[PDB]
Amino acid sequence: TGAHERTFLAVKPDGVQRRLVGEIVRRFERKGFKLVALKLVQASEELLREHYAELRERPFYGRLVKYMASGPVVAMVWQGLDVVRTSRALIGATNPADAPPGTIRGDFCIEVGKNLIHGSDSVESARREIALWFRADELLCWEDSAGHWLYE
């Protein structure tokens, strides 16, 4: 897919509550990525248990699911070259204490449980997460007039 690669990002409840949705979106916009889906949702525990299926054996799993179900999240899909890996780099390490200044977590967060945002960790994860959170008809193709200035 190359430049058509996509990732799933979600602003977590702490990001909404601390009024950082615009700030986060703006960082992906200024980087050059293309927004292809967006909605504010209250995720069910059922969806979240599937979202985090791979973490089912971790001791924080129960609390992570409860937390993510506790308030609104902003679900998003972004498109562009290497968007999965690059998004992860813009977000910064899982634990904000390891995330350098300049990253979202490095600039805005302190603790692993309140780290503002989720990003898919691979192309395959993004495929799964996009399908889980969004119908095909919520993913928009639009002609991106900036593309000429971001890509050869």
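Residue numbers here begin at 1 and follow the sequence given.
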**Message:** Quick check: 51-59 versus 90-98, which has the larger average CA B-factor in the record?
**Reply:** 51-59
**Prompt:** As stated in the PDB record, which stretch has the larger average Cα B-factor, 142-150 or 4-12?
**Reply:** 142-150
**Request:** Determine which member of 64, 40, 117, 37 has the highest CA B-factor, using the values in the deposited entry.
**Result:** 64
**Fill in**
For residue 137, the third of its chain by CA B-factor is the highest
**Asked** Lowest, middle or highest third of the chain for the C-alpha temperature factor of residue 46?
**Response** highest
**Asked** Thinking about Cα B factors across the chain, which third does residue 20 belong to?
**Response** lowest
**Request:** Place residue 103 in the lowest, middle or highest third of its chain's C-alpha B-factors, as listed in the PDB entry.
**Result:** lowest
**Complete:** So, residue 127's CA B-factor, relative to its chain, sits in which third? The highest
